[PDB]
Each structure stands twice: as C-alpha cells, then as structure tokens.
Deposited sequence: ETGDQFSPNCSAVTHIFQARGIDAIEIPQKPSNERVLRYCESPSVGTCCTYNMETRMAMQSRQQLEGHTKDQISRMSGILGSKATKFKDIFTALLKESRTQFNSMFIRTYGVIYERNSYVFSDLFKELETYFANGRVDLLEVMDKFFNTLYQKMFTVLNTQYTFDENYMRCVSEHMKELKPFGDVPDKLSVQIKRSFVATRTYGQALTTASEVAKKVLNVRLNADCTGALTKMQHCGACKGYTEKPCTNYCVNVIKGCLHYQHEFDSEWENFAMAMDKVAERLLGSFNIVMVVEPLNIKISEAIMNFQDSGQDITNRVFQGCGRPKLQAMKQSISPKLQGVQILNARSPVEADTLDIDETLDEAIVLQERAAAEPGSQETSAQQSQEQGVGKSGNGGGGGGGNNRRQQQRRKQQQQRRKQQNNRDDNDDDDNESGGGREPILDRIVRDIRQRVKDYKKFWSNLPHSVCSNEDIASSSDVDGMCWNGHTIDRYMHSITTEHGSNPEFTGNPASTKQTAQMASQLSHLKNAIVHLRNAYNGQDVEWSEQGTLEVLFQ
C-alpha cells in the first residue's frame, strides 16, 4: 500500500501509556511485529510498543470479565443464602405455630402424640438441610403410625397392650383408613420440599461454578487476535475504532471456552424459571397447609364411613404476599436477567470505554478502514479471526467439572419440576 501517517496517531499511543520517547516519528521499516502487520511500507509501532499494548489488552479483557462474573456469582450466591435462611426460619416458626395451634384445639389427645408430629418436622427440616431423607418413606411411616393409633382408640372396648401391633402396622400399609387424603397430602408435601430445596441448591451451585470460571486464563492465541483488533489500527496510522462485529468475533474467540457452558447456562435459567413457577403455584408449601382443616375433616369423614369395615378386616389376619414468594420472585427475575449473561460478555466488552468499538461506515476491520466482511459467528470450534479452534484443550479441561456440575443441577431442576422420583 502506502506509508502510514504516524503523526495522526501519536496521541493514541500516549493515551495507551507509551512515552513520547518510544514513539517513532517516522514509519519503521523493520518487520518484527508479532501481531500487527509489518508491510514493506513500514509501521508506526515498535516491538516494545506492541508488547505493552498486548499485555494491556489482555489485562483489560480479564479485568472486565472478572468484574462481571464475580458480581453475578456474588449476587446469586447471596440470594441463595437468603432463600435458604427464609425457608429454614419459616420451617421452624411453623413447627411452633402448628404445635400451639393443635394444643389449643385438640388438647391433651394431641399433646400425647405430639412426638409423632415433631419427628415428622425433624425429618422435613433435615431434608431441606442436607437432602438425605426419603420424604415419601417418612410420610408413609407417619400415617402408618396414625393408622395404628386411630385403630386403638376406635377399639377402646378391646385391649391392645400387646406387641402384636406389628400385624396392625403391616396390615395398615395396604389399607386406606382416611381415604386418599394422606397419599394426596404426602405427594404434595414431597413435591414442595424437593422443589424448594432444589431451587436454592441449584442456585448455589450455579454461583459456585460461575466463580470457578474465573480460574480459566486467556491463551496466547487470544492475545494475538485481541491486539490486532484493538490496537493495530493505530500502527497503520488509522484513528478509527474497531468494527463492532469484528470486536465481537474476537472476544467470542477469546472466551470460546465458555461455549458449552453458555448453552447449558440457558438451560439452567429455563429450568429455574419452571421450578419458580411451581413454587409460586401448585408446589407452594402454603397451598398444602392453608386448607389443612378441611383435609382433616375429609379424613375423619372417611374414617367414620370405613371404620366399622376396617376394624373387622384388621381382626382378619391378626386376631399480603409471603416473604417466601418475594425471595422466589426476586431470584426468578435475577436468573431471568442472567440468562444470556455468557453470550452477552463479548457484546459487553465491546461497549466499554477501553474499546468503544464503532457500530459502523469507517471502522477498523483488522486490515484497513473498510467494511467488515464476516458476520457474528455462532459455530462451535471455529472463528473467522482465529486459525484453528479458539478454545484450547487446557481451557475446556478446566471447564469440564464446572460443566458437569451445572448439567447435574439442570437434571435436578427438571425432576423437581415434574415431581417424579
């Protein structure tokens, strides 16, 4: 082509931290630049100027992504902690209100068997804490104990002080003294606790795996493409900003190790929104305790119609909005905000003061001040600004465990949404 105009870009180099002593007044005829082009017509940059601007671009990109990722990780992590603390306190406050409510209502006959209810609450609190509880198993044993006690006081005419009660326990497993009320209540409680715990646990893991992405350093191939995009325009005497799509393609390649992680992050956000829909609707733990007295009345009505029938079959064979909804809505909206977080990073990087790429028109496309031919790439394993795969084997190996944990939480969210187990 023709010799570049180094006088038009002398202020740009000084703005990048390069002292005026290092800045060549006339184009340099040496051809030793690693990232910019060194044509026969010369260049306005030296090897030391290129190295300074190279490490500057890598630190600006790593700084911008570190601030974005850690702030998202911190917010989601603290909201998960607030969610768990609210439900944990709501659980303990319920055990007391439930005990006080039934003692004033049913009296000593409840307080005599209050241990059956406190043991159930203890299992429920333990499940939400560590998840090592079979909820349906605990619920079935809960009603089985109620089935046994309801059989003794019905037959106050007889004496059942014997430990032949195992036959009653074994026979009450297949019988339905209260109708379908215990089974319907056991499933709705199990679904609610699984969805509630998984919602907070998946949000915590997403915050943890997001924080671990900070451990992945940019590779040498990223440094080359980054400097050609952001700084090498001034080395040809050009003052225009890089083209937007050109900048986006470069940052996408620098951050290409996040490709799979970005797509699964969207799956995580969609599964979180489904569970949040359940928690605000059918699976809401308030929806199973608000109509609790009518469920008891139906159980008693079913026990008065089937009591004489079951006591004979046993002898045969024996002888204005809740704060829980507020934190769920808060998490749901913020997870909705961070849905496209990873694919938006290249667009976020290309919009700051450090790069400030031009949306055009006249912009630096890597070679000249002309139109950028390529479009924003969406491929997995290629990029127009990179020779081979922009993601190195070392980067994807660091992302492997974070990808596996994120996918693991998506399976639990989907299972919790359907409620099957």
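- Stretches of the deposited sequence left without coordinates are 1-4, 324-437, 479-480, 542-555, in sequence order.
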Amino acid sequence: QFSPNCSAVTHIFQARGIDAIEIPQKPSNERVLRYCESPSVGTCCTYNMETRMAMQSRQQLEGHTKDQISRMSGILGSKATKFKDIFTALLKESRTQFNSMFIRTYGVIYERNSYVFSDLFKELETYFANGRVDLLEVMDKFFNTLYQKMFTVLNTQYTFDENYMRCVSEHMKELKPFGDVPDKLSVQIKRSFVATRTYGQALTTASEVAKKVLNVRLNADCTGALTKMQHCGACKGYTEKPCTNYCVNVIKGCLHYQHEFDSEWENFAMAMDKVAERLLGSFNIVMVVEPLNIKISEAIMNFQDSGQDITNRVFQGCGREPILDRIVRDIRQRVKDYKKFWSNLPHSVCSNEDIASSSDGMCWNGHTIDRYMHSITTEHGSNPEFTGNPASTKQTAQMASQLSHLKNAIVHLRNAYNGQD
From here on, numbers count along this sequence of modelled residues.
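- Taking the PDB entry as given, 168-176 carries the higher mean Cα B factor of the two stretches 168-176 and 216-224.
- Of the two segments examined, 367-375 and 66-74, it is 367-375 that shows the higher average Cα temperature factor in the deposited entry.
- Listed residues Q201, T152, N113, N267 were ranked by CA B-factor as deposited; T152 comes out on top.
- When the Cα B-factors of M272, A80, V314, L120 are read from the PDB record, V314 comes out highest.
- For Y147, the recorded CA temperature factor ranks within the middle third of the chain's modelled residues.
- Placement of the Cα temperature factor of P322 within the chain: middle third of the modelled residues, per the deposited record.
- Per the PDB record, residue ranking by Cα B-factor puts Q333 in the lowest third of the chain.
- Split the chain's modelled residues into thirds by C-alpha temperature factor. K211 is in the lowest one.
- The PDB entry assigns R104 a C-alpha temperature factor belonging to the highest third of its chain's modelled residues.
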